[PDB]
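First, one chain by itself: the form deposited in one PDB entry, in C-alpha cells.
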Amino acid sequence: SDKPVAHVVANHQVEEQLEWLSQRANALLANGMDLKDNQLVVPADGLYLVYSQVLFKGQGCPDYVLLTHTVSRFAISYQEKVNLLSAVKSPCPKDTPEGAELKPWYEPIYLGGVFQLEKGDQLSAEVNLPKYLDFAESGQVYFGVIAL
C-alpha cells in the first residue's frame, strides 16, 4: 500500500487521440506516481513493472497501414527517448478489398516488462496512428506502472 502505482486509461471523449487519465473509477495514480504531459513519472530509483495495452479498430481497408505501439523511457540527460517495449501490427492488405458495407477489423497489442528506473524518469505509451484507437468500451486502452 506504499508502493508507487499507476494504471491510467484512455480519455474516451477525445476520438482519434491518446490522452491518459487517472480520474476513472478503476484507474490509479498513487504513492508518488505522477502523470505530467501525458507521461508517467517515477518517484524513486527502483524496479518497476511497466505495461500498456491499446486496441485498434478500422472499417474496410482503403489503406495498407502499419500500426505501432511503444512504451519509452526518457530522462533530461538523454539524446532522445529509448524503446523499452514495442510491437507492430498490419491489419490490412495493400489492395482495397471489394464491396460496400465494410465489416470492422480489430487489433489489440499488449506490452509489459520489468525495468530498473531512476527517480524522475518519464515513461510514455504511444501509438503512431491514434486515429484507429478504439476506446468505446472501458478496459481497452491502458498504461500502468507498479514499483516492485
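Residue numbers run from 1 along the displayed sequence. The term rigid core refers to the most C-alpha atoms you can superpose between the two forms while keeping them within 1.5 Å.
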Checklist entry - For the stretches 92-100 and 42-50, which has the higher mean C-alpha B-factor as given in the deposited record? => result 92-100
Next on the checklist: Please compare 119-127 with 58-66 and name the stretch with the higher mean C-alpha B-factor in the deposited structure.
Outcome noted: 58-66
Next on the checklist: Splitting the chain's C-alpha B-factors into thirds, which one does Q140 fall into?
Outcome noted: lowest
Item to check | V82, C-alpha B-factor rank within chain (lowest, middle or highest third) | outcome: highest
Item to check | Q13 - Cα temperature factor, lowest/middle/highest third of chain | outcome: highest
Checklist entry - Would the CA B-factor of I146 place it in the lowest, middle or highest third of its chain? => result highest
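Beyond the structure shown, there is the form deposited in another entry, which is absent from this document and is the topic of what follows.
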Checklist entry - Among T96, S90, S86, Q116, which is the residue that shifts its C-alpha 2 Å or more between this form and the one not shown, core superposed? => result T96
